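Trainee: Next comes the structure file run-v2.cif, holding mmCIF, C-alpha atoms and all ligand atoms.
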```
data_work
#
loop_
_atom_site.label_atom_id
_atom_site.label_comp_id
_atom_site.auth_asym_id
_atom_site.auth_seq_id
_atom_site.Cartn_x
_atom_site.Cartn_y
_atom_site.Cartn_z
CA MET A 1 295.77 102.03 37.33
CA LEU A 2 293.12 101.28 34.69
CA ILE A 3 291.43 104.25 32.99
CA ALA A 4 288.67 104.03 30.38
CA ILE A 5 287.94 106.85 27.93
CA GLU A 6 284.30 106.82 26.84
CA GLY A 7 282.07 108.76 24.49
CA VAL A 8 280.13 108.59 21.26
CA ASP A 9 281.86 108.22 17.91
CA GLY A 10 283.35 111.53 16.82
CA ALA A 11 283.68 112.83 20.38
CA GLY A 12 287.47 112.80 19.99
CA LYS A 13 288.48 109.99 22.32
CA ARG A 14 291.72 109.25 20.45
CA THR A 15 293.05 112.80 20.82
CA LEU A 16 292.16 112.79 24.52
CA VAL A 17 294.02 109.49 24.97
CA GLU A 18 297.13 111.02 23.41
CA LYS A 19 296.74 114.22 25.44
CA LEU A 20 296.40 112.29 28.71
CA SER A 21 299.24 109.89 27.89
CA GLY A 22 301.65 112.77 27.28
CA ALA A 23 300.48 114.46 30.48
CA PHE A 24 301.02 111.25 32.46
CA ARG A 25 304.46 110.64 30.95
CA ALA A 26 305.40 114.27 31.61
CA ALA A 27 304.72 113.55 35.29
CA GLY A 28 306.97 110.48 35.32
CA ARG A 29 304.30 107.81 34.76
CA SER A 30 304.58 105.05 32.18
CA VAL A 31 301.52 104.61 29.98
CA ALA A 32 300.11 101.88 27.75
CA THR A 33 296.93 102.13 25.69
CA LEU A 34 294.47 99.67 24.17
CA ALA A 35 291.45 100.40 21.97
CA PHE A 36 288.15 98.50 21.75
CA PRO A 37 286.71 96.89 19.86
CA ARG A 38 289.87 95.08 18.70
CA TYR A 39 288.91 95.17 15.02
CA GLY A 40 291.31 93.00 13.04
CA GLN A 41 292.41 91.11 16.16
CA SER A 42 289.23 89.55 17.61
CA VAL A 43 286.91 87.31 15.60
CA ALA A 44 284.05 88.44 17.85
CA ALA A 45 284.84 92.09 17.11
CA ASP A 46 285.20 91.48 13.36
CA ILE A 47 281.91 89.57 13.21
CA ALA A 48 280.30 92.54 14.96
CA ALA A 49 281.77 95.06 12.51
CA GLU A 50 280.61 92.95 9.57
CA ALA A 51 277.15 92.63 11.15
CA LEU A 52 276.91 96.43 11.33
CA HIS A 53 277.49 96.60 7.56
CA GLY A 54 274.51 94.31 6.86
CA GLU A 55 276.28 90.95 6.66
CA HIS A 56 275.56 87.83 8.71
CA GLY A 57 271.80 87.86 8.14
CA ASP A 58 269.71 89.21 11.02
CA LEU A 59 272.62 89.18 13.49
CA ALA A 60 272.66 92.97 13.91
CA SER A 61 268.92 93.14 14.68
CA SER A 62 269.58 91.68 18.15
CA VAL A 63 270.93 94.27 20.58
CA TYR A 64 272.11 91.61 23.03
CA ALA A 65 273.78 89.52 20.31
CA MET A 66 275.90 92.52 19.31
CA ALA A 67 276.70 93.35 22.94
CA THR A 68 277.78 89.73 23.49
CA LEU A 69 280.28 89.88 20.63
CA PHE A 70 281.85 93.03 22.06
CA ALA A 71 281.92 91.44 25.52
CA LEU A 72 283.59 88.32 24.12
CA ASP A 73 286.12 90.58 22.38
CA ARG A 74 287.16 92.11 25.71
CA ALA A 75 287.07 88.75 27.51
CA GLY A 76 289.85 87.57 25.19
CA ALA A 77 291.99 90.61 26.06
CA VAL A 78 291.81 90.15 29.85
CA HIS A 79 295.31 88.67 30.04
CA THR A 80 296.63 91.52 27.89
CA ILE A 81 294.97 94.14 30.09
CA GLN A 82 296.33 92.61 33.29
CA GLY A 83 299.83 92.37 31.82
CA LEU A 84 299.81 96.05 30.90
CA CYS A 85 298.56 96.99 34.37
CA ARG A 86 301.51 95.07 35.84
CA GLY A 87 304.09 96.75 33.60
CA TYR A 88 302.78 100.30 33.27
CA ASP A 89 301.78 102.92 35.83
CA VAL A 90 298.65 103.79 33.83
CA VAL A 91 296.65 101.82 31.26
CA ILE A 92 294.24 103.89 29.14
CA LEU A 93 291.53 102.07 27.18
CA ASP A 94 289.84 103.83 24.27
CA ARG A 95 286.35 102.44 24.92
CA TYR A 96 285.63 99.71 27.47
CA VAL A 97 282.68 97.99 29.16
CA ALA A 98 280.67 101.20 29.55
CA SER A 99 280.53 101.49 25.76
CA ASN A 100 278.42 98.32 25.74
CA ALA A 101 276.09 99.73 28.40
CA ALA A 102 275.69 103.04 26.56
CA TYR A 103 275.02 101.74 23.05
CA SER A 104 272.99 98.74 24.19
CA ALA A 105 270.73 100.88 26.38
CA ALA A 106 270.50 103.53 23.65
CA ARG A 107 269.60 100.92 21.02
CA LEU A 108 266.78 99.70 23.29
CA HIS A 109 265.58 103.22 24.19
CA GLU A 110 266.53 102.60 27.83
CA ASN A 111 268.42 104.67 30.38
CA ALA A 112 271.43 103.84 32.55
CA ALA A 113 269.08 102.39 35.20
CA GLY A 114 267.49 100.05 32.65
CA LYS A 115 267.84 96.33 32.08
CA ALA A 116 270.42 96.41 29.27
CA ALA A 117 272.85 98.52 31.30
CA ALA A 118 272.47 96.20 34.29
CA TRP A 119 272.86 93.14 32.04
CA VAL A 120 276.18 94.43 30.68
CA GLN A 121 277.54 95.01 34.18
CA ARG A 122 276.52 91.51 35.27
CA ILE A 123 277.94 89.63 32.29
CA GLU A 124 281.22 91.50 31.74
CA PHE A 125 282.29 92.34 35.31
CA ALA A 126 280.62 89.57 37.33
CA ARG A 127 280.60 86.54 35.02
CA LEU A 128 283.48 87.16 32.59
CA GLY A 129 285.64 88.73 35.31
CA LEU A 130 286.82 91.78 33.37
CA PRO A 131 288.78 94.16 35.63
CA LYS A 132 286.75 97.17 36.71
CA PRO A 133 288.32 100.50 35.71
CA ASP A 134 289.59 102.79 38.44
CA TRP A 135 288.36 105.71 36.31
CA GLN A 136 285.89 106.12 33.47
CA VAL A 137 286.31 109.46 31.69
CA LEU A 138 283.33 110.60 29.61
CA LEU A 139 284.36 112.97 26.83
CA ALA A 140 280.96 114.63 26.64
CA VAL A 141 279.47 116.16 23.49
CA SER A 142 276.17 117.87 22.72
CA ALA A 143 273.14 116.39 20.97
CA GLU A 144 274.25 118.08 17.75
CA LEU A 145 277.45 116.07 18.25
CA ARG A 167 275.21 106.78 10.01
CA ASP A 168 272.38 106.72 12.57
CA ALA A 169 272.25 110.20 14.11
CA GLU A 170 269.52 109.51 16.67
CA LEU A 171 271.32 106.45 18.05
CA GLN A 172 274.43 108.53 18.78
CA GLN A 173 272.37 111.20 20.55
CA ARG A 174 270.62 108.63 22.74
CA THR A 175 273.95 106.92 23.42
CA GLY A 176 275.28 110.30 24.53
CA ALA A 177 272.43 110.73 27.01
CA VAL A 178 272.89 107.25 28.49
CA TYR A 179 276.61 108.00 28.84
CA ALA A 180 275.86 111.04 31.01
CA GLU A 181 273.42 108.99 33.09
CA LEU A 182 276.00 106.22 33.54
CA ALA A 183 278.49 108.83 34.77
CA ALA A 184 275.95 110.47 37.09
CA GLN A 185 275.07 107.09 38.63
CA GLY A 186 278.70 105.99 39.04
CA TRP A 187 278.10 102.95 36.83
CA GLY A 188 280.99 100.54 37.41
CA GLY A 189 283.15 102.96 39.38
CA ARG A 190 284.20 106.59 39.53
CA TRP A 191 283.52 108.78 36.51
CA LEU A 192 284.89 112.09 35.24
CA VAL A 193 282.90 114.20 32.76
CA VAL A 194 285.21 116.34 30.62
CA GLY A 195 285.00 118.46 27.49
CA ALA A 196 287.12 118.24 24.37
CA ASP A 197 289.69 120.93 25.25
CA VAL A 198 290.46 119.54 28.71
CA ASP A 199 293.52 120.70 30.65
CA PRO A 200 295.77 117.64 30.23
CA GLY A 201 298.11 118.34 33.15
CA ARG A 202 295.24 119.02 35.54
CA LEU A 203 293.36 115.91 34.34
CA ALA A 204 296.34 113.58 34.78
CA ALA A 205 296.84 115.04 38.26
CA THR A 206 293.19 114.38 39.08
CA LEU A 207 293.28 110.79 37.84
CA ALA A 208 296.68 109.84 39.33
CA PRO A 209 297.33 111.81 42.55
CA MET B 1 288.66 59.84 11.71
CA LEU B 2 286.06 62.48 12.59
CA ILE B 3 282.40 61.42 12.78
CA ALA B 4 279.47 63.74 13.49
CA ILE B 5 276.09 62.41 14.65
CA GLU B 6 273.17 64.62 13.60
CA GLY B 7 269.43 64.67 14.12
CA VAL B 8 266.58 66.47 15.83
CA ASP B 9 266.14 66.56 19.59
CA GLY B 10 264.85 63.23 20.87
CA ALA B 11 266.18 61.32 17.86
CA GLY B 12 268.48 59.39 20.19
CA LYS B 13 271.84 60.81 19.18
CA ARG B 14 273.27 60.23 22.66
CA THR B 15 272.27 56.56 22.59
CA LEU B 16 273.74 56.06 19.10
CA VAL B 17 277.02 57.71 20.14
CA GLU B 18 277.32 55.31 23.07
CA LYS B 19 276.37 52.28 20.97
CA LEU B 20 278.71 53.28 18.15
CA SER B 21 281.61 53.99 20.51
CA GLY B 22 281.38 50.50 22.00
CA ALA B 23 281.25 48.98 18.52
CA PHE B 24 284.41 50.88 17.56
CA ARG B 25 286.13 49.98 20.84
CA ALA B 26 284.95 46.40 20.33
CA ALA B 27 286.72 46.52 16.95
CA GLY B 28 290.02 47.60 18.54
CA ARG B 29 290.03 51.33 17.75
CA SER B 30 290.22 54.04 20.41
CA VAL B 31 287.32 56.47 20.63
CA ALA B 32 286.70 59.91 22.12
CA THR B 33 283.42 61.81 22.04
CA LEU B 34 282.45 65.47 22.26
CA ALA B 35 278.96 66.99 22.40
CA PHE B 36 277.85 70.39 21.11
CA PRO B 37 276.85 72.80 22.26
CA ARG B 38 279.39 72.67 25.11
CA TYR B 39 276.90 73.74 27.76
CA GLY B 40 278.74 74.44 31.01
CA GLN B 41 282.15 74.78 29.31
CA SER B 42 281.69 77.56 26.71
CA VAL B 43 280.49 81.06 27.53
CA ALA B 44 278.99 81.18 24.03
CA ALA B 45 277.11 77.91 24.60
CA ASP B 46 275.78 78.91 28.03
CA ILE B 47 274.62 82.30 26.75
CA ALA B 48 272.82 80.51 23.92
CA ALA B 49 271.10 78.01 26.23
CA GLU B 50 270.11 80.84 28.57
CA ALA B 51 268.82 82.80 25.57
CA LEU B 52 266.65 79.85 24.55
CA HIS B 53 265.06 79.94 28.02
CA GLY B 54 264.01 83.57 27.52
CA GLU B 55 267.02 85.33 29.07
CA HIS B 56 269.41 87.81 27.42
CA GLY B 57 266.81 90.14 25.94
CA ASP B 58 266.20 89.76 22.21
CA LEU B 59 269.12 87.39 21.56
CA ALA B 60 266.96 84.34 20.84
CA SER B 61 264.83 86.23 18.30
CA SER B 62 267.82 86.41 15.92
CA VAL B 63 268.43 83.22 13.95
CA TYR B 64 271.94 84.33 12.96
CA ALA B 65 272.73 85.62 16.45
CA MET B 66 271.96 82.17 17.86
CA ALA B 67 273.86 80.46 15.02
CA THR B 68 276.87 82.71 15.64
CA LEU B 69 277.04 81.69 19.30
CA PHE B 70 276.94 78.00 18.38
CA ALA B 71 279.61 78.65 15.74
CA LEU B 72 281.74 80.52 18.29
CA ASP B 73 281.23 77.65 20.73
CA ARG B 74 282.69 75.23 18.19
CA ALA B 75 285.37 77.72 17.16
CA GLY B 76 286.62 77.63 20.74
CA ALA B 77 286.77 73.83 20.54
CA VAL B 78 288.70 73.71 17.26
CA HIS B 79 292.04 72.89 18.88
CA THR B 80 290.31 70.46 21.24
CA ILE B 81 288.83 68.68 18.22
CA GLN B 82 292.23 68.58 16.52
CA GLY B 83 293.92 67.18 19.63
CA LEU B 84 291.39 64.37 19.97
CA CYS B 85 291.60 63.53 16.26
CA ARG B 86 295.39 63.24 16.60
CA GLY B 87 295.16 61.01 19.69
CA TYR B 88 292.22 58.67 19.03
CA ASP B 89 291.35 56.39 16.12
CA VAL B 90 287.78 57.76 16.03
CA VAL B 91 286.29 61.02 17.30
CA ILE B 92 282.49 61.12 17.52
CA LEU B 93 280.80 64.50 17.89
CA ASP B 94 277.24 64.63 19.23
CA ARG B 95 276.04 67.48 16.99
CA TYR B 96 278.38 69.54 14.80
CA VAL B 97 278.28 72.22 12.10
CA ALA B 98 275.38 70.63 10.23
CA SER B 99 273.17 71.29 13.26
CA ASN B 100 273.70 75.00 12.60
CA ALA B 101 272.71 74.60 8.94
CA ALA B 102 269.63 72.51 9.75
CA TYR B 103 268.14 74.55 12.60
CA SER B 104 269.05 77.90 11.03
CA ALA B 105 267.54 76.96 7.66
CA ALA B 106 264.48 75.40 9.30
CA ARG B 107 264.00 78.51 11.43
CA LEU B 108 264.55 80.48 8.20
CA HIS B 109 261.91 78.40 6.35
CA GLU B 110 264.60 77.81 3.73
CA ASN B 111 265.94 74.58 2.24
CA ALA B 112 269.51 73.28 2.36
CA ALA B 113 270.31 75.36 -0.75
CA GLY B 114 269.27 78.57 1.01
CA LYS B 115 271.36 81.43 2.32
CA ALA B 116 271.66 80.34 5.96
CA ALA B 117 273.03 76.91 5.08
CA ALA B 118 275.66 78.42 2.78
CA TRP B 119 276.44 81.01 5.46
CA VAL B 120 276.99 78.32 8.09
CA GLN B 121 279.36 76.41 5.81
CA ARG B 122 281.20 79.64 4.98
CA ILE B 123 281.69 80.97 8.50
CA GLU B 124 282.43 77.70 10.35
CA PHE B 125 284.43 75.64 7.83
CA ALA B 126 286.13 78.34 5.74
CA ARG B 127 286.47 81.29 8.12
CA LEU B 128 286.56 79.76 11.60
CA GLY B 129 288.53 76.78 10.28
CA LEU B 130 286.50 74.01 11.89
CA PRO B 131 287.63 70.60 10.57
CA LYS B 132 285.31 68.98 8.05
CA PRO B 133 284.00 65.64 9.37
CA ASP B 134 284.88 62.44 7.55
CA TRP B 135 281.33 61.23 8.25
CA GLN B 136 278.04 62.89 9.15
CA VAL B 137 275.43 60.38 10.32
CA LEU B 138 271.83 61.60 10.22
CA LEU B 139 269.76 59.66 12.76
CA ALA B 140 266.54 60.09 10.80
CA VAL B 141 263.62 60.08 13.22
CA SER B 142 260.95 62.73 13.67
CA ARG B 167 259.01 72.53 22.29
CA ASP B 168 257.85 73.77 18.89
CA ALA B 169 256.67 70.72 16.96
CA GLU B 170 256.55 72.44 13.56
CA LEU B 171 260.14 73.67 13.93
CA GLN B 172 261.42 70.15 14.61
CA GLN B 173 259.69 68.73 11.53
CA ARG B 174 261.25 71.33 9.23
CA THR B 175 264.67 70.80 10.82
CA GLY B 176 264.35 67.07 10.13
CA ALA B 177 263.53 67.66 6.46
CA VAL B 178 266.42 70.11 6.04
CA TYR B 179 268.65 67.50 7.70
CA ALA B 180 267.69 64.95 5.05
CA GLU B 181 268.21 67.58 2.34
CA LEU B 182 271.70 68.31 3.69
CA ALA B 183 272.42 64.58 3.55
CA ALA B 184 271.13 64.35 -0.03
CA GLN B 185 273.36 67.27 -1.05
CA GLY B 186 276.53 65.85 0.50
CA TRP B 187 276.64 69.05 2.55
CA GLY B 188 280.13 69.35 4.03
CA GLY B 189 281.18 65.81 3.17
CA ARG B 190 279.87 62.28 3.00
CA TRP B 191 276.68 61.42 4.89
CA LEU B 192 275.01 58.27 6.17
CA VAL B 193 271.29 58.26 6.95
CA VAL B 194 270.40 55.66 9.58
CA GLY B 195 267.24 54.64 11.40
CA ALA B 196 266.48 53.95 15.03
CA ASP B 197 267.27 50.22 14.96
CA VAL B 198 270.60 50.58 13.16
CA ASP B 199 273.17 47.85 13.79
CA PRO B 200 276.05 49.61 15.60
CA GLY B 201 278.58 46.92 14.72
CA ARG B 202 277.60 47.07 11.05
CA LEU B 203 277.60 50.88 11.23
CA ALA B 204 281.08 50.97 12.77
CA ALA B 205 282.23 48.56 10.05
CA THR B 206 280.77 50.84 7.36
CA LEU B 207 282.39 53.95 8.83
CA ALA B 208 285.90 52.48 9.09
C1 LIG A 301 283.74 98.74 22.29
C2 LIG A 301 282.28 98.82 21.94
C3 LIG A 301 281.80 99.56 20.92
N1 LIG A 301 280.47 99.63 20.59
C4 LIG A 301 280.00 100.52 19.51
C5 LIG A 301 279.68 99.75 18.24
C6 LIG A 301 279.18 100.70 17.16
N2 LIG A 301 280.18 101.75 16.87
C7 LIG A 301 279.69 102.65 15.81
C8 LIG A 301 279.56 101.99 14.46
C9 LIG A 301 280.64 101.26 13.95
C10 LIG A 301 280.50 100.65 12.72
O1 LIG A 301 281.44 99.79 12.15
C11 LIG A 301 282.76 100.22 12.01
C12 LIG A 301 283.20 101.51 12.25
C13 LIG A 301 284.53 101.83 12.06
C14 LIG A 301 285.42 100.86 11.63
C15 LIG A 301 284.97 99.59 11.39
CL1 LIG A 301 286.08 98.37 10.84
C16 LIG A 301 283.65 99.24 11.58
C17 LIG A 301 279.30 100.80 11.99
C18 LIG A 301 279.07 100.23 10.72
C19 LIG A 301 277.87 100.38 10.09
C20 LIG A 301 276.85 101.11 10.68
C21 LIG A 301 277.03 101.68 11.91
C22 LIG A 301 278.26 101.54 12.59
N3 LIG A 301 278.40 102.14 13.82
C23 LIG A 301 280.47 102.51 18.09
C24 LIG A 301 281.02 101.61 19.19
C25 LIG A 301 279.52 98.92 21.29
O2 LIG A 301 278.33 98.94 21.00
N4 LIG A 301 280.01 98.17 22.33
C26 LIG A 301 281.33 98.06 22.73
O3 LIG A 301 281.62 97.36 23.70
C1 LIG A 302 275.14 72.42 18.43
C2 LIG A 302 273.96 73.17 17.89
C3 LIG A 302 272.72 73.04 18.38
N1 LIG A 302 271.63 73.71 17.88
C4 LIG A 302 270.28 73.47 18.43
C5 LIG A 302 269.87 74.54 19.42
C6 LIG A 302 268.47 74.27 19.95
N2 LIG A 302 268.38 72.94 20.59
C7 LIG A 302 267.03 72.68 21.09
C8 LIG A 302 266.61 73.55 22.26
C9 LIG A 302 267.45 73.69 23.36
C10 LIG A 302 267.02 74.45 24.43
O1 LIG A 302 267.78 74.75 25.55
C11 LIG A 302 268.36 73.72 26.28
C12 LIG A 302 267.94 72.40 26.19
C13 LIG A 302 268.55 71.43 26.97
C14 LIG A 302 269.58 71.77 27.83
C15 LIG A 302 269.97 73.09 27.91
CL1 LIG A 302 271.26 73.53 29.00
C16 LIG A 302 269.38 74.08 27.14
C17 LIG A 302 265.73 75.05 24.39
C18 LIG A 302 265.19 75.82 25.45
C19 LIG A 302 263.95 76.38 25.33
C20 LIG A 302 263.20 76.21 24.18
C21 LIG A 302 263.69 75.47 23.14
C22 LIG A 302 264.96 74.87 23.22
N3 LIG A 302 265.41 74.12 22.16
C23 LIG A 302 268.76 71.90 19.61
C24 LIG A 302 270.17 72.11 19.09
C25 LIG A 302 271.75 74.59 16.82
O2 LIG A 302 270.80 75.21 16.36
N4 LIG A 302 273.02 74.72 16.32
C26 LIG A 302 274.16 74.07 16.77
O3 LIG A 302 275.24 74.28 16.22
CL CL A 303 285.83 109.38 19.10
CL CL A 304 268.90 63.14 20.74
#
```
Have the structure of the file written as structure tokens, please.

Mentor:
Amino acid sequence: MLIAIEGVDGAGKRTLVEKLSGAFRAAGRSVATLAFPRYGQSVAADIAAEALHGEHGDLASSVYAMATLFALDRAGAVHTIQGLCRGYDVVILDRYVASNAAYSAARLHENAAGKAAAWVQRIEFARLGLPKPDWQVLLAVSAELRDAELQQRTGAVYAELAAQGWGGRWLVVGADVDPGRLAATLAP
Amino acid sequence: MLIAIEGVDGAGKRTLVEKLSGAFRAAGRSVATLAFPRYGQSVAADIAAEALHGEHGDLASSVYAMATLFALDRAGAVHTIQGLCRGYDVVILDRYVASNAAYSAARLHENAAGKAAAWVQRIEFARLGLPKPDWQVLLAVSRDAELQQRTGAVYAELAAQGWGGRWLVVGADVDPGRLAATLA
């Protein structure tokens, strides 16, 4: 089973991943985790990070150019993801394809029903063949939570993506989620 | 030996590659050829081509975003290039790294000594590890018409600077047998 944990930076995804992993293991389920972007492991991810810090000329000014680098980062991990899914009962990804839909739409002042969100789904799931997650868990935070307005808009798109079932089933949870009850909901 | 053929669209690079290959083969040396971008074989190349036709949102509006895709296209061919260079006497590339310097600078309205050109050399040769060509042949002949003119001038500037290695500047009626003899 493939589970994606989603949310804006600072939401607390990492702690939720650890909480859910322990809950899964406590129930007898093996767990592996993988975090995107793979900074320090993917040239596409590293070029993106560097672009965000003002390097590589005007690269960061293109929303779709940045989204493509993150998509290419995941496309190189597809064999890794499949291997984990074959060896572990649950695979939890800290950020996945929906991250591209949320930030790309937010950067372009669009909503989950907009072009950018639909473009991400087409290119990552349809063309590049990335496995669709069985679950996408949105760790939701408020508007008050670098660029503060971008994170707020990204948060709103996230909720819309979840409400629309973008790419599969979603769960909307808060920070202090009940780990045993959540693992039971995800893996019955 | 690694040879790159450079020039603006319509210069006749494809024809020169074919003529030069036969000259090399006629001289008893094996030849393989590879054309960039690898449209239809690289996701980065296809996304770039599609971006140039108005798809993929704002991707084409970024000079460095386009250059990065062409660099990533070549970066995915780096082992392919190395394999061919180890198996054939001559490897001729239709377009290579210098294309990124020329079109990026020309789009930047900057000369070969500008930032983009130095950025292309840095990211493709140093960082991405693309092999430096033994020869870069500029087919010097002259759809945004003003963009192509600037790209041609930057091309000649790159050749004058020895950008990335030795260059040869040739015209339309170049003698392929004499050119193959000069290269090897
Ligand atoms: C996995 C993924 C992630 N993201 C975003 C990319 C932006 N970060 C935030 C971020 C991340 C940044 O760079 C970082 C942040 C932390 C560590 C490193 Cl090494 C680099 C930024 C740097 C400068 C300015 C703003 C920055 N903002 C959140 C996930 C996408 O847009 N699409 C994706 O597919
Ligand atoms: C290999 C390489 C190539 N180029 C350029 C990219 C642009 N083309 C010209 C071109 C190429 C285009 O797209 C094509 C053209 C022909 C075939 C395909 Cl599949 C796509 C264009 C489409 C619309 C409008 C203008 C277009 N211009 C010349 C090589 C670089 O800038 N850097 C590179 O590294
Ligand atoms: Cl977080
Ligand atoms: Cl040509």

Trainee: Up to 8 Å from chain A, what residues of chain B turn up? Count all atoms listed in the file and give them as a list in words.

Mentor: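 Close enough to count are residues 56, 57, 58, 59, 61, 62, 63, 64, 65, 66, 116 and 119 of chain B.
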
Trainee: At a cut-off of 8 Å around ligand LIG 302 (chain A), and using only C-alpha atoms and all ligand atoms, what residues come up? Please write them as a PDB file with C-alpha atoms, keeping the file's coordinate frame.

Mentor:
```pdb
ATOM      1  CA  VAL B   8     266.580  66.470  15.830  1.00  0.00           C
ATOM      2  CA  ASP B   9     266.140  66.560  19.590  1.00  0.00           C
ATOM      3  CA  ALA B  35     278.960  66.990  22.400  1.00  0.00           C
ATOM      4  CA  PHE B  36     277.850  70.390  21.110  1.00  0.00           C
ATOM      5  CA  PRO B  37     276.850  72.800  22.260  1.00  0.00           C
ATOM      6  CA  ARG B  38     279.390  72.670  25.110  1.00  0.00           C
ATOM      7  CA  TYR B  39     276.900  73.740  27.760  1.00  0.00           C
ATOM      8  CA  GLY B  40     278.740  74.440  31.010  1.00  0.00           C
ATOM      9  CA  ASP B  46     275.780  78.910  28.030  1.00  0.00           C
ATOM     10  CA  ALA B  48     272.820  80.510  23.920  1.00  0.00           C
ATOM     11  CA  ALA B  49     271.100  78.010  26.230  1.00  0.00           C
ATOM     12  CA  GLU B  50     270.110  80.840  28.570  1.00  0.00           C
ATOM     13  CA  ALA B  51     268.820  82.800  25.570  1.00  0.00           C
ATOM     14  CA  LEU B  52     266.650  79.850  24.550  1.00  0.00           C
ATOM     15  CA  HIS B  53     265.060  79.940  28.020  1.00  0.00           C
ATOM     16  CA  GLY B  54     264.010  83.570  27.520  1.00  0.00           C
ATOM     17  CA  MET B  66     271.960  82.170  17.860  1.00  0.00           C
ATOM     18  CA  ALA B  67     273.860  80.460  15.020  1.00  0.00           C
ATOM     19  CA  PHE B  70     276.940  78.000  18.380  1.00  0.00           C
ATOM     20  CA  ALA B  71     279.610  78.650  15.740  1.00  0.00           C
ATOM     21  CA  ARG B  74     282.690  75.230  18.190  1.00  0.00           C
ATOM     22  CA  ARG B  95     276.040  67.480  16.990  1.00  0.00           C
ATOM     23  CA  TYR B  96     278.380  69.540  14.800  1.00  0.00           C
ATOM     24  CA  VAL B  97     278.280  72.220  12.100  1.00  0.00           C
ATOM     25  CA  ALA B  98     275.380  70.630  10.230  1.00  0.00           C
ATOM     26  CA  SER B  99     273.170  71.290  13.260  1.00  0.00           C
ATOM     27  CA  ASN B 100     273.700  75.000  12.600  1.00  0.00           C
ATOM     28  CA  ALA B 101     272.710  74.600   8.940  1.00  0.00           C
ATOM     29  CA  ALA B 102     269.630  72.510   9.750  1.00  0.00           C
ATOM     30  CA  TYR B 103     268.140  74.550  12.600  1.00  0.00           C
ATOM     31  CA  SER B 104     269.050  77.900  11.030  1.00  0.00           C
ATOM     32  CA  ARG B 167     259.010  72.530  22.290  1.00  0.00           C
ATOM     33  CA  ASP B 168     257.850  73.770  18.890  1.00  0.00           C
TER      34      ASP B 168
END
```

Trainee: May I have the residues within 9 Å of residue 188 in chain B as JSON, numbers by chain, using all atoms listed in the file and disregarding those fewer than 6 positions away in the same chain?

Mentor: {"B": [97, 98, 121, 125, 132, 133, 136, 182]}

Trainee: Based on the selection just made, write C-alpha atoms of those residues as a PDB file, in the frame of the given file.

Mentor:
```
ATOM      1  CA  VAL B  97     278.280  72.220  12.100  1.00  0.00           C
ATOM      2  CA  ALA B  98     275.380  70.630  10.230  1.00  0.00           C
ATOM      3  CA  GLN B 121     279.360  76.410   5.810  1.00  0.00           C
ATOM      4  CA  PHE B 125     284.430  75.640   7.830  1.00  0.00           C
ATOM      5  CA  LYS B 132     285.310  68.980   8.050  1.00  0.00           C
ATOM      6  CA  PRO B 133     284.000  65.640   9.370  1.00  0.00           C
ATOM      7  CA  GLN B 136     278.040  62.890   9.150  1.00  0.00           C
ATOM      8  CA  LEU B 182     271.700  68.310   3.690  1.00  0.00           C
TER       9      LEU B 182
END
```

Trainee: Residues within 12 Å of (284.1, 93.0, 21.3), file coordinates, counting all atoms listed in the file: what are they? Give the list as a ChimeraX atom specification.

Mentor: /A:35-49,65-78,95-97,99-100,124

Trainee: Determine, counting only C-alpha atoms, which protein, DNA and RNA residues have an atom within 10 Å of an atom of residue 193 in chain A; residues of the same chain fewer than 6 positions away are not included. Present the result as a list in words.

Mentor: residues 6, 7, 136, 137, 138, 139, 140, 179, 180, 183 and 184 of chain A

Trainee: Go through B:47, B:60, B:130, B:140 and flag the residue nearest ligand CL 304 (chain A), using all atoms listed in the file for the distances.

Mentor: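 Of B:47, B:60, B:130, B:140, the one nearest ligand CL 304 (chain A) is B:140, counting all atoms listed in the file.
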
Trainee: Smallest atom-to-atom distance to ligand CL 303 (chain A): which of A:200, A:83, A:176, A:131, using only C-alpha atoms and all ligand atoms?

Mentor: A:176

Trainee: What does the distance from CA of residue 182 in chain A to CA of residue 112 in chain A come to in Å, to one decimal?

Mentor: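 Computing it gives 5.2 Å between the two atoms.
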
Trainee: Once you count only C-alpha atoms and all ligand atoms, what closest atom pair and distance in Å to one decimal does each residue of chain A within 10 Å of ligand CL 303 (chain A) have, with rows by chain and rising residue number, as a Markdown table?

Mentor:
```
| residue | atom | partner | partner_atom | distance |
| --- | --- | --- | --- | --- |
| A:5 | CA | A:CL303 | CL | 9.4 |
| A:6 | CA | A:CL303 | CL | 8.3 |
| A:7 | CA | A:CL303 | CL | 6.6 |
| A:8 | CA | A:CL303 | CL | 6.1 |
| A:9 | CA | A:CL303 | CL | 4.3 |
| A:10 | CA | A:CL303 | CL | 4.0 |
| A:11 | CA | A:CL303 | CL | 4.3 |
| A:12 | CA | A:CL303 | CL | 3.9 |
| A:13 | CA | A:CL303 | CL | 4.2 |
| A:14 | CA | A:CL303 | CL | 6.0 |
| A:15 | CA | A:CL303 | CL | 8.2 |
| A:16 | CA | A:CL303 | CL | 9.0 |
| A:94 | CA | A:CL303 | CL | 8.6 |
| A:95 | CA | A:CL303 | CL | 9.1 |
| A:139 | CA | A:CL303 | CL | 8.6 |
```

Trainee: What is the distance between CA of residue 1 in chain A and CA of residue 101 in chain A, in Å to one decimal?

Mentor: 21.7 Å

Trainee: What gap, in Å, lies between CA of residue 5 in chain B and CA of residue 17 in chain B?

Mentor: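 Interatomic distance here is 7.3 Å.
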
Trainee: Give as a VMD selection string the residues surrounding ligand CL 304 (chain A) up to a distance of 9 Å, considering only C-alpha atoms and all ligand atoms.

Mentor: chain B and resid 6 to 16 94 139
